[PDB]
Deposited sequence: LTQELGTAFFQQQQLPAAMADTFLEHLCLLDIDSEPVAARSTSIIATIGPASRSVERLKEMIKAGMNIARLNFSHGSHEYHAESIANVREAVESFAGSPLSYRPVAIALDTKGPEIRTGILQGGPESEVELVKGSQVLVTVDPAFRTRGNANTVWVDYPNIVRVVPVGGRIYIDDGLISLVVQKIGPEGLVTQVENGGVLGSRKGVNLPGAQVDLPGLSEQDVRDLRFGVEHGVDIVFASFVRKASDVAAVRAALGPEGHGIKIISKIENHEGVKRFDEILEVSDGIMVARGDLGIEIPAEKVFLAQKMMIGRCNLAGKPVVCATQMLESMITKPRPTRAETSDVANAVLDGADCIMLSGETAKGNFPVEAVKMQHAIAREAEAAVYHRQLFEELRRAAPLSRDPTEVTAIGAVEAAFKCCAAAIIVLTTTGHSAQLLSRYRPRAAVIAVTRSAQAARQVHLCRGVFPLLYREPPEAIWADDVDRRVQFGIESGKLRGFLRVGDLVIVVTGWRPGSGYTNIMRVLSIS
């Protein structure tokens, strides 16, 4: 029915979704969700990627978090057909600026007159004193320069710049060690601080699967993340976070060099006017779709759930619209790191996505994507679009790719099939990183290779099919599109066959 655009819309509430939701969900790990038991709960509810937010907590503290995710995850390895892998994502600290330690709450008051970088004063913070961890602030913020504290809920205007006389423009309840922002001011603060490099090495050492790299402003920024990531970490997927004007202006350059993007609406939402983020968001998602790289929508999607068990009408709506925009993943932060309803937040994102996903007008979408996408000569894309097409023609229940590094699956999702892309792979990491791609569902294949190749292929396909039935992707009578390669290894995907279940 619902599947013009107007027309489409007009035909969208009792049409029960039916299908693996495909927008994968990223949840940040924190006190509210570090416990193996809680993690297991969140896995059941639909978390696919676990975010470690390195703005907080020590190395040891995160090694615990990983230890636990890994623990919660493997607790299901008891049935290979049902095992959901889970990716792990290191979110980098980058050039944050932050206030000192005071869970007491100093009230900064509208109009009252001091930002200091004096070591001694590094905890002497008061109703009239706030100290900040970026010495250069006193040199980069001119008279009538605006300073923001805590998610931009606090505003100060610089009025006298020896030791920053500011006046509180927007006051509020200030807490411990909070994000500071200096828009219109050029931060010479480096993309890669020593801590960031340590943090990244840690990452590799512990085999995280994805680096969400904060404050990416330019191609060279992701180069560093790569260098730091070092040789041991070429497999790591680097997702550039876009969080400020420059990032937005150099987006095209950033996208080219990165594996994907995150629309970091939090910072972005203070660095540029609030009325504008939507544009930035819808724009980068578009461009990303066009290039066929993962894009992540983030921050405050479900805030009030930090405190309440139900989201607001806007948050529901936000989630839907991100999916309808084309986002590959959606995220949770405060919602799962500190709040009183982490599992319930995950369940909600899972539920909205499934409805939003059923409302996509693939028609327009696939045509649009086909149309825009330039010719290509790489057999893999060729097979991929070929597969998608066959998939539409017959309402394929699913497309089952054999993939070594996920790259073939990615190519399929690029074109947004409606049929599920069931990816079979022996690379445990690949099976994790692929959650970065809308509509892909990884299956980790454990058996050792058969002697005769073909047979190995057949075993894997049949493996996918079997896991398929078990999980209710495919039922007898369905047609399935199978995509595979002429010889073993990666980069040789080149075959599409049409099989009946």
item: Deposited residues absent from the coordinates (by C-alpha); value: 1-15, 19-21, 31, 122-125, 137, 186, 189, 528
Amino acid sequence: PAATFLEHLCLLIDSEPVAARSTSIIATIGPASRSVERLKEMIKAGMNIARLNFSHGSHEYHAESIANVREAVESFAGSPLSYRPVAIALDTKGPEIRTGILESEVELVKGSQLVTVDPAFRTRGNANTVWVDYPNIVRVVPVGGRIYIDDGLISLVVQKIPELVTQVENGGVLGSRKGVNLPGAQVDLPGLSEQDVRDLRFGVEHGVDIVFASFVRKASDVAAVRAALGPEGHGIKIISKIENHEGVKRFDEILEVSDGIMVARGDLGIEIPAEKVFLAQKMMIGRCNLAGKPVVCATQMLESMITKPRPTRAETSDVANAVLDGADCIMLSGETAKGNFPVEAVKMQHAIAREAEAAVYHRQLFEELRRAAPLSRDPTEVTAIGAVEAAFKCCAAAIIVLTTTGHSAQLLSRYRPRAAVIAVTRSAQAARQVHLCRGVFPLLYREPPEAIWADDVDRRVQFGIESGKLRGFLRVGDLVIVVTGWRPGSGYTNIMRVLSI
From here on, numbers count along this sequence of modelled residues.
query	finding
206-214 set against 359-367, stretch whose average Cα temperature factor tops the other in the entry	359-367
Options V424, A77, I399, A384 - largest CA temperature factor per the record	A77
Selection by C-alpha B-factor (highest) of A185, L279, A314, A391	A185
Where the record places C297 (Cα B-factor, split into thirds across the chain)	middle
Third of the chain's Cα B-factor distribution that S22 belongs to, per the entry	highest
Third assignment of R70 from its chain's C-alpha B-factors	lowest
Chain third (lowest, middle, highest) by recorded CA B-factor, residue given as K241	lowest
Lowest, middle or highest third - CA B-factor, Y83	highest
